[PDB]
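Read the structure below first, then the notes.
Read the figures in this text as sums done on the coordinates, not as results from a lab. Cβ placement follows ideal geometry from the backbone for every residue including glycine, while neighbour counts extend to all protein chains displayed.
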Amino acid sequence: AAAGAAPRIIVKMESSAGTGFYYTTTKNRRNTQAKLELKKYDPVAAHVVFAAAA
Amino acid sequence: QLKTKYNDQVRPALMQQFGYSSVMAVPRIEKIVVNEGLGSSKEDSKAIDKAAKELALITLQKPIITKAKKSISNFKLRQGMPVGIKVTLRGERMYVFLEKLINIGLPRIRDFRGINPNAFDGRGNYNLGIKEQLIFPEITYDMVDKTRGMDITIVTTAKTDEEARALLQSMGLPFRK
Amino acid sequence: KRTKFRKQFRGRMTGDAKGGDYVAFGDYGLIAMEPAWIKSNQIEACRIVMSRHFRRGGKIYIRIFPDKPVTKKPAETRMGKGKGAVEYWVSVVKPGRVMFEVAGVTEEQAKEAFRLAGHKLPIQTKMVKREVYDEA
Amino acid sequence: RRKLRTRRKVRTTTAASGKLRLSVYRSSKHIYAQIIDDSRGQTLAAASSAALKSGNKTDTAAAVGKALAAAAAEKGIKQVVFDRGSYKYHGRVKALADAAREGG
RNA sequence: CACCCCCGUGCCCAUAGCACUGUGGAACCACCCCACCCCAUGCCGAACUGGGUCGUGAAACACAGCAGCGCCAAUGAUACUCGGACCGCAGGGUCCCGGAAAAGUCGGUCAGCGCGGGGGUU
RNA sequence: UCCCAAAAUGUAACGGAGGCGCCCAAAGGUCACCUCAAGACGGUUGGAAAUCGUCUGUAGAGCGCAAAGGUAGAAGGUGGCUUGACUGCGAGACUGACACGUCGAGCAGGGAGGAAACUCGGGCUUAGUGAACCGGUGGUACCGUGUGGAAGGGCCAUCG
RNA sequence: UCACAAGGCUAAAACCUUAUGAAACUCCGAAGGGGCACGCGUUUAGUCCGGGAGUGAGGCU
Ligand SMILES: [Mg+2]
Ligand SMILES: [Mg+2]
Ligand SMILES: [Mg+2]
Ligand SMILES: [Mg+2]
Ligand SMILES: [Mg+2]
Ligand SMILES: [Mg+2]
Ligand SMILES: [Mg+2]
Ligand SMILES: [Mg+2]
Ligand SMILES: [Mg+2]
Ligand SMILES: [Mg+2]
Ligand SMILES: [Mg+2]
Ligand SMILES: [Mg+2]
Ligand SMILES: [Mg+2]
């Protein structure tokens, strides 16, 4: 969207699977503070949980 | 405990007094309800801690923090924040704390001569809240900080106020005449 | 006269008078005959006329009331740029509607106070006298 | 307070489900577990517990689960839906369950 | 259902609701009693839950009475109005033809139709 | 979003009012549980309003924001577990001049909650948006100019 | 919901009788309209594929 973006930021959720695959959504930094930890499907295998890469 | 038996000896007392066609159709006692509505001006975490302590030490039952109904009038009010403290006593511990009260409470009350006999819950029940805390069996000024007071509400399953009244008194209760 | 708080602007349309064609609160009554608009000041005028003629005190029921905002654009403006800003207030008196009720005065007094009010009015009128018990 | 029952009741999609729903009633120390074809205003099987009970008051749940499911064998009922009540699926009505849930 | 009654559960979603009122008890329901555990309380067996009585049917429920309230609601006429034609400078209004309300008056109503089970008819 | 808008949709004006360019890691998925505003009587600080109790109580409340519709058998308030705020698709419609846009059963992989029937491909819904072009980044090994490599492009993703 | 006429009543609000306005009020609610099936009954248009357009200032009641 736009640059200034203090609350909510487009973060990319990259896999642990080392496949290559990632996701994108938004986190508030008011409430995530540290990191983001989520469990979604991987289409290069089946279902292997990612972490909030920059 | 014993108080239960005394209720069961008030039961033919009120059966005989009122001529009830049934023994369950007689005034009984549902819960005791202890409120502690400090807050509004007392926004101190320390203070609601103290009220928790005091309540837990007299009533022998954990107390609930009844928050602000989120009504925020001109003066000091707000959304979801501690403003009152409730402890609902019924059954056993009701009878235990209530006997603690007739026994050691209103007697040890500074300048005591009974309470208001003019009608309460005209539906047929009766409340009565009580002030000071320096008039107690368990509360001490040698185990607190400042000085407070509370609220008390019984539910007589009566049908009018004369019948409530009767139950109350013959259960052992001071009516200031 | 005016309403006290509202929404602001309005519109215009017509057919015959809803309620009420009947004579409550009084013994004699004055009735519209024409689909007018009626401004505060026009009533104010009728009120002051009749109030004077009755002296102290009689009894005066001003049934009609101006809730309708009428606007007028500023002086010398080309159309558009907006809607005109609330010039004055009208009360949409439809025919047959009873505008006035007076009582505590003779028939004569009523006739006169009426006629005097009538000459101050944008529209023809007629006076009448009770029997209209549709309800009470 | 009637909210729990009419809640789960509508939450059991009556007809469009296909399956048959199965009532209970363990409030008193007598129950009624009915089996209903919802749509048609008719009640199929059923297996009460007030025409002799052995003696058990809540221990007998498994019994009438097994008894009901027994009626279900004969009438030919293999599919089901569990219409509980204000009853929070725990002990007694869980017994009636597990019982019918094997003894079909 | 054989006749009643009670328990569940439905179609119906107030002419089916509420109040006042009477009836009801071991035969279903209810309160009841106990709770260290299953289970559960933003606190408390109040509620969910669990072991079970007697006692009471007073509360609640079921049933009956009732038209105070609520709800349902005519005919008659009217409002408006398709479509035929008209008057008024205009605000607005009329005639013919069919359709036709709302509110109100008459009233109507303390519902009706099922399924299953239990328990009774010396 | 409402009114205009003439009881189908649609419909203009420098006509009449008001919001948006977000927010939420729980405000989502599921599972389970709870019922509101307000007034009247009586209640230690209070005493217009606080917190407790009884009675009334179909919505006179609440829904992150505008309003409209909607909603008490929940969308409203609370808790447990959670990552369906998922890939590969899309029967069939709504809607637009086109491009767009919207709803969506059902199949596969593979998971979440539930005892289970089941529900979940974001949020009660309707705003929270930017077509191409040129470029950044992670994967991919489709083309690669004698051949084999590599520069470079292409594809899916994605940021400006 | 907002606005409003006389009175009651009360400490003013709520509430009671009487009484009324509303594009952005609605317990209700027509005439008419719109979709679909038939054609129970008359009549002539339609739809699709392809060639050629012009029009996109409208005017009055
Ligand atoms: Mg005409
Ligand atoms: Mg006619
Ligand atoms: Mg007719
Ligand atoms: Mg009855
Ligand atoms: Mg139209
Ligand atoms: Mg146009
Ligand atoms: Mg270019
Ligand atoms: Mg690349
Ligand atoms: Mg490359
Ligand atoms: Mg009516
Ligand atoms: Mg042009
Ligand atoms: Mg043009
Ligand atoms: Mg034109």
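Brief remarks follow.
- Scanning the stretch B:140-156 for residues that are surrounded by 18 or more Cβ atoms within 10 Å (Cβ to Cβ) and in contact with a helix residue (DSSP H, G or I) (Cβ under 9 Å, 6 or more places away or on another chain) yields B:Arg148, B:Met150, B:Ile154, B:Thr156.
- Per-region count, the stretch D:47-104, residues over 11 Å from the mean Cα position of the chain (by Cα) and of a type in the set (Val, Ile, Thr): 3
- Unmet requirement for C:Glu34, which otherwise passes all of (1) without any contact (Cβ under 8 Å) to a residue 60 or more places away in the chain; (2) closer than 30 Å to C:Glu135 by Cα; (3) away from RNA strand G (no atom under 12 Å from the Cβ); (4) of a type outside the set (A, V, I, L, M): (1)
Residue by residue, here is whether (1) of a type outside the set (A, V, I, L, M, F, W, C); (2) within 16 Å of RNA strand G (Cβ to nearest atom); (3) part of a loop (DSSP other than H, G, I, E, B); (4) within 14 Å of chain D (Cβ to nearest Cβ) holds:
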site: B:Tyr6; (1), (2), (3), (4): yes, no, no, no
site: B:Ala13; (1), (2), (3), (4): no, no, no, no
site: B:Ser22; (1), (2), (3), (4): yes, no, yes, no
site: B:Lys46; (1), (2), (3), (4): yes, no, no, no
site: B:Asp49; (1), (2), (3), (4): yes, no, no, no
site: B:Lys62; (1), (2), (3), (4): yes, no, yes, no
site: B:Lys69; (1), (2), (3), (4): yes, no, yes, no
site: B:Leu77; (1), (2), (3), (4): no, no, yes, no
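- Matching residues, the stretch C:27-41, being surrounded by 21 or more Cβ atoms within 10 Å (Cβ to Cβ) and not hydrophobic (A, V, I, L, M, F, W, C): C:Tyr28, C:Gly29
- Just one of the listed residues (B:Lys76, B:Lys70, B:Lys62) is more than 30 Å from B:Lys5 (Cβ to Cβ), exposed (fewer than 13 other Cβ atoms within 10 Å of the Cβ) and in contact (Cβ under 8 Å) with a residue 12 or more places away in the chain, and it is B:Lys76.
So that you can scan it fast, the table gives a plain yes or no per residue for (1) touching a residue at least 60 places away in the same chain (Cβ under 8 Å); (2) out of contact with any strand residue (DSSP E or B) (no Cβ under 9 Å at 6 or more places or on another chain); (3) within 14 Å of another protein chain (Cβ to nearest Cβ); (4) on the phi < 0 side of the Ramachandran plot:
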residue: C:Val102; (1), (2), (3), (4): yes, no, no, yes
residue: C:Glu108; (1), (2), (3), (4): no, yes, no, yes
residue: C:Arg115; (1), (2), (3), (4): no, no, no, yes
residue: C:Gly118; (1), (2), (3), (4): yes, no, no, yes
residue: C:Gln124; (1), (2), (3), (4): yes, no, no, yes
residue: C:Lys129; (1), (2), (3), (4): yes, no, no, yes
residue: C:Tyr133; (1), (2), (3), (4): yes, yes, no, yes
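- Where helices (runs of 4 or more DSSP H) fall entirely within chain D, those with at least 1 residues that are in contact with a helix residue (DSSP H, G or I) (Cβ under 8 Å, 6 or more places away or on another chain), surrounded by fewer than 17 Cβ atoms within 10 Å (Cβ to Cβ) and touching a residue at least 12 places away in the same chain (Cβ under 8 Å) are at D:92-102.
- Scope the stretch D:27-49; condition more than 7 Å from RNA strand E (Cβ to nearest atom) and farther than 19 Å from D:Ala72 by Cα; matching residues: none
- The residue pairs whose first member lies in the stretch C:51-65 and is closer than 21 Å to C:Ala32 by Cβ and part of a loop (DSSP other than H, G, I, E, B), whose second member is more than 16 Å from RNA strand E (Cβ to nearest atom) and not polar (S, T, N, Q), and whose beta carbons are closer than 6 Å, counting only pairs six or more residues apart or on different chains, are C:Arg63/C:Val98.
- When we screen C:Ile48, C:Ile62 for residues that are under 11 Å from C:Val102 (Cβ atoms) and either surrounded by fewer than 16 Cβ atoms within 10 Å (Cβ to Cβ) or within 12 Å of RNA strand G (Cβ to nearest atom) (or both), the only hit is C:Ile62.
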